[PDB]
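Comments concern the structure below.
What follows draws every value from the coordinates through simple rules; no lab data is involved. Note: ideal-geometry Cβ built from the backbone for every residue, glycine included; neighbour counts use all protein chains shown.
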């Protein structure tokens with residue numbers, strides 16, 4: 001149920017970014033803005049998305065742009081509330097404990113950057129950039145939103161995926 | 001129940017406007033004032049209403065007038081609260097989502113300008129002016145009310161019906 | 001039986017008179033003349049009757065004109081005999097006592113000017129102009145026809161409908 005809805009939403013709101021023929025990251029639609037990690041390099045597998053003018057910012061390591069009108073109905077719905085507990089993810093379920101996003105599996109691999117972290121109701125919470133090896137766990141370096149502000153949370157030792 | 005009540009209220013609070021013998025708009029009785037969109041041209045199918053001196057405002061794209069005394073019992077009652085959810089309309093059910101009034105079907109056609117958008121209790125929330133083709137949905141350019149002011153919402157690409 | 005005949009004759013011998021889009025009086029066909037009260041103003045809702053030249057006389061409060069040839073078969077028949085008793089009317093039955101036309105119900109309302117009062121044989125005897133609120137009854141101020149003379153009976157305190 002929840003897993004099926006989450007994967008259906010991911011299918012409609014993720015476009016692969018390929019460089020030299022191999023995928024390196026993913027750009028996702030949140031609200032009414034195209035969001036992609038800045039550190040990843042490549043082009044989006046979409047004629048409409050690849051032609052947009054991407055605003056750059058190195059402090060938050062994020063690229064943003066305005067989506068065209070005809071993909072507004074194909075974009076996720078955002079939120080800013082982050083209660084403690086469990087959240088969905090493409091490679092499993094993520095745990096929010098003490099202001100940190102951690103991977104129970106520790107199976108994070110390069111090339112998964114940009115996949116949204118989903119809420120219980122399908123809302124998007126943050127965006128994955130990289131993680132830091134906490135032995136059996138990994139602390140995620142993710143980009144979230146405040147009420148009206150963007151912040152970047154990077155645990156020590158994190159590597160960009 | 002709700003559909004029949006809404007139709008009953010609409011018959012007592014909607015007056016057609018025709019130019020050159022063909023209908024082009026609608027005027028509604030909300031509170032104690034006649035409200036008709038400014039862009040639609042013609043005449044209201046009533047001597048008492050057609051004789052009134054209308055106040056013009058191109059910024060909000062609306063005309064108003066104070067209703068005569070003997071239609072004061074034949075006017076819809078208004079509201080300013082807009083909870084998230086579903087609202088009734090003469091052509092189906094409209095979806096209010098994130099500050100946007102959207103049509104689930106995209107079935108709005110020119111000549112329907114001025115048709116009000118009702119609430120659950122029969123209260124009027126807004127007045128339709130135009131729409132925009134946003135994928136398989138249609139964002140409605142409406143005229144809504146705050147506690148005391150008039151505000152106008154116009155999604156990009158909207159066409160005046 | 002009588003009601004059906006009176007209604008059928010009234011349908012064929014009454015034309016609503018409207019001013020500024022609202023009906024205010026009726027022009028009835030008697031013999032070969034069109035009668036209309038002088039206090040009511042407007043245009044008869046008919047092409048042929050609009051272009052006819054009307055003779056106006058403020059003493060009797062009545063306008064008369066000659067009907068077209070082809071409409072001679074769509075008119076009532078007249079009489080002057082007025083024996084004591086009851087006479088039929090569009091809104092019920094009227095009583096003729098002591099040279100007065102009285103309304104048992106007192107249900108006369110403005111806009112009832114010009115409605116003829118019929119005989120028991122369907123013949124038209126008088127034309128209603130106004131009424132006087134006398135207790136539970138209403139004395140009718142009407143224009144009648146003698147053998148040769150047109151006379152007006154107006155009780156004290158009557159009002160023009």
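Just checking, how many residues over region B:15-33 are under 17 Å from residue B:125 (Cα atoms) and not in a strand (DSSP E or B)?
The total comes to 2.
Reported count of residues in region C:102-129, each being at negative phi, buried (at least 18 other Cβ atoms within 10 Å of the Cβ) and touching a residue at least 60 places away in the same chain (Cβ under 8 Å), is 7.
Taking the criterion of being touching a residue at least 40 places away in the same chain (Cβ under 8 Å) and either more than 22 Å from residue A:13 (Cβ to Cβ) or within 14 Å of another protein chain (Cβ to nearest Cβ) (or both), the residues of region A:69-101 that qualify are A:71, A:72, A:74, A:75, A:76, A:77, A:78, A:79, A:80, A:99, A:100.
The listed residues are B:56, B:36, B:41, and the only one of them that is in a strand (DSSP E or B), loosely packed, with under 12 Cβ neighbours inside 10 Å and away from chain C (no Cβ under 14 Å) turns out to be B:56. Selection within region C:64-88: residues that are within 16 Å of the chain's Cα centre (by Cα) and in a loop (DSSP other than H, G, I, E, B). The member of this set that is nearest to residue C:32 (Cα to Cα) is C:75.
With respect to (1) more than 22 Å from residue B:8 (Cα to Cα); (2) surrounded by 15 or more Cβ atoms within 10 Å (Cβ to Cβ), the lone exception for residue B:147 is condition (2). For region B:117-128, the condition holds for no residue, the condition being that it is closer than 27 Å to residue B:19 by Cα and within 14 Å of chain A (Cβ to nearest Cβ).
The rows are residues; the columns are (1) more than 19 Å from residue A:5 (Cβ to Cβ); (2) more than 15 Å from the chain's Cα centre (by Cα).
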position: A:62; (1), (2): yes, no
position: A:90; (1), (2): no, no
position: A:95; (1), (2): yes, yes
position: A:104; (1), (2): yes, yes
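Looking only at region C:20-33, residues that are within 14 Å of chain B (Cβ to nearest Cβ) and either in contact with a helix residue (DSSP H, G or I) (Cβ under 9 Å, 6 or more places away or on another chain) or without any contact (Cβ under 8 Å) to a residue 12 or more places away in the chain (or both) come to 3 in all. No other residue among B:140, B:49 is buried (at least 17 other Cβ atoms within 10 Å of the Cβ) and within 13 Å of another protein chain (Cβ to nearest Cβ) apart from B:49.
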